[PDB]
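Below you will find one chain, with nothing else, as structure tokens; this is the form deposited in one PDB entry, and questions on how it binds or moves follow later.
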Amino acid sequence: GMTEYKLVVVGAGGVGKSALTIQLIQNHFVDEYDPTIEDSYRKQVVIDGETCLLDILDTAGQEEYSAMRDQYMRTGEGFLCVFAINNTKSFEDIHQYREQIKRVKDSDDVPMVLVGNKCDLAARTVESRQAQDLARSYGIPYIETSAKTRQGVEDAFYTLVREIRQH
């Protein structure tokens, strides 16, 4: 039947990364979530007129289990590399996440998107031009998202699916 895409969310902890998948998978219009519910991370969507199933792995909260990253990443066909726009360190971490994905997948051309996440009203420290330049240097799309208004969330995941489809 329909194609299933295994997507993996990676990025620094403690800066609201989990809001991206929660807002996507959520009852978009009721702010509520039970992550323990079997298939709170599967969502049927229509992208460019083609129905597919997204299976999203987001291990937010397990960042200190650094030796499990390969195990988790190996499962994925496409990756969202997420940093917080008010946390420069999380942006500087992106290079190493991308290098690790390339190594686990044994490929220099893994479908991935760079996501800059606005997780609060604290002052932005990574300008959009800096992130666009980084994404361009890697040859990947850049999407900015809000952790509160759901803006950009669909675009981030759909853009990644298009990267997979066009690989």
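Only residues modelled in both forms are compared. So that there is no doubt, residue numbering starts at 1 and follows the sequence shown. By rigid core we mean the largest C-alpha set that fits within 1.5 Å across both forms.
Just so you know, the form deposited in another entry exists too; it's not on screen, but the next bit is about it.
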item	value
Residue showing a 2 Å-or-more C-alpha displacement between the shown form and the other one once the rigid core is overlaid, selected from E99, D120, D109, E127	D120
Core-aligned CA displacement of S40 at least 2 Å between the shown form and the other one	yes
Threshold 2 Å Cα movement between the shown form and the other one at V15, rigid core reference	yes
Core-aligned CA displacement of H28 at least 2 Å between the shown form and the other one	yes
Cα-Cα trend for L57 and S40, given that in the other entry the distance shifts by 3 Å or more	closer
Shift in CA distance, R42 and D31, in the other entry relative to the form shown here, given it is 3 Å or more	farther
Segments displaced between the shown form and the other one (3 or more residues, each Cα shift of 2 Å or more, core-superposed)	14-17, 27-40, 59-62, 119-123
